Amino acid sequence: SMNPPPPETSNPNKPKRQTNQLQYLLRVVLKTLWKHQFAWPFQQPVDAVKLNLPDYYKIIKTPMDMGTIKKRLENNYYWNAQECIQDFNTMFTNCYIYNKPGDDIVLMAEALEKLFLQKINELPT
Ligand SMILES: Cn1cc(-c2ccc(C(=O)Nc3cc(-c4ccccc4)ccc3N)nc2)c2cc[nH]c2c1=O
């Protein structure tokens, strides 16, 4: 297909372990962004077929979205908080390098990124 398989969200042989930062990433960061008015373009992988973006996966080499991030957190996929932060950053980068700077999608991404950074700056140690 035009669309890749979605990113893996299960880590079957990794031990399950909570950390304060991962709890924060799920219960504060992801929860706040997931419920935001502008979350909808970002809650699932970009469907280049339905959205008619035949070049999307030519430009975007590392697809990422909040649906994948949510599942990863809910499955304890990440070994540490920085991996999860990196996925958020990748999501936003993809949006900013593919879409035109004036597009409404970019304005929505910036509002979410602002909120993301606001929450990340209060990440527990
Ligand atoms: C990251 N990213 C994402 C999307 C994306 C992803 C999903 C949608 C989607 O679901 N639209 C939708 C919206 C409505 C709706 C919403 C609000 C009010 C009324 C109607 C209804 C149906 C559909 N289908 N749109 C754009 C996208 C496009 C171009 N570039 C990107 C991009 O980089």
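Residues numbered from 1 in each chain as written, not as in the entry; some residues may be left out. Heavy atoms only, no water. Residues with missing side-chain atoms left out of burial classes, pairs and counts.

Within the PDB entry, the label attached to the protein chain reads Bromodomain-containing protein 4, and the organism entered is Homo sapiens. In its PDB record the entry is named "Crystal structure of the first bromodomain of human BRD4 in complex with the dual BET/HDAC inhibitor NB512".

Q: What exactly am I supposed to notice about the site of the ligand here?
A: In the vicinity of the ligand, the residues found are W40, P41, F42, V46, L51, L53, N99 and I105. Within the contact set of the ligand, a nitrogen atom lies 2.8 Å away from a side-chain nitrogen or oxygen of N99. Out of a free accessible area of 670 Å², the ligand has 50% covered by protein chains. Residue composition of the shell around the ligand, grouped by class: 7 nonpolar, 1 polar and no charged. (Near = heavy atom within 4 Å. Polar contact = N/O pair within 3.5 Å; in protein donor to acceptor, adjacent residues only side chain to side chain. Areas by Shrake-Rupley, 256 points an atom, 1.4 Å probe, with all protein chains shown as cover. Nonpolar A, V, L, I, M, F, W, Y, C, P; charged D, E, K, R; others polar.)

Q: Would you mind showing me how to read the packing of aromatic side chains here?
A: To describe a pair of aromatic rings, you give the distance between the ring centres and the angle between the ring planes. Applying the stated criterion across every chain, the model contains 5 aromatic pairs. Arranged with centres 5.8 Å apart and planes meeting at 85 degrees, the rings of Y77 and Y78 form a pair that is edge-to-face. Members of the aromatic cluster, each reached through a chain of ring pairs, are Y56, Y57 and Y98. Looking at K14, its charged tip hangs above the ring of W79, at a distance of 5.3 Å from the centre. (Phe/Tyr/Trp six-rings, centres within 6.5 Å; stacked < 30°, edge-to-face > 60°. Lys NZ or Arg CZ within 6 Å of the ring centre and 35° of its normal.)

Q: Could you clarify how one ought to interpret unusual backbone geometry in this entry?
A: With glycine set apart, most residues show a phi of negative sign, and most peptide bonds adopt trans. For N52, which is not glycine, the phi dihedral falls at a positive 55 degrees. Following the sequence through the fold, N52 ends up in the loop between α1 (20–34) and α2 (56–59). We classify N52 as exposed; its relative accessible area is 63%. Even without a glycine there, the phi angle at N76 is positive, about 55 degrees. Inspection of the secondary structure puts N76 in the loop between α3 (66–74) and α4 (81–98). (Helix = DSSP H or I, 4+ residues; strand = E, 2+ residues; numbered from the N terminus. Buried < 20%, exposed > 50% of the residue type's maximum accessible area, 1.4 Å probe, protein only.)

Q: Is there a simple way to explain the side chain of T68 in this structure?
A: Among the structural elements, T68 can be located in helix α3. By relative accessible area, which is 4% here, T68 ends up buried. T68 has contacts with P7, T9 and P45, leaving out every residue within four places of it along the chain. (Contact = heavy atoms within 4.5 Å.)

Q: How do you make sense of the environment of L73 when you look at a structure like this?
A: On the secondary structure map, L73 appears in helix α3. Its relative accessible area of 9% is what places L73 among the buried residues. With residues near it in sequence (within four places) discarded, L73 still touches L22, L25, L26, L30, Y78 and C84.

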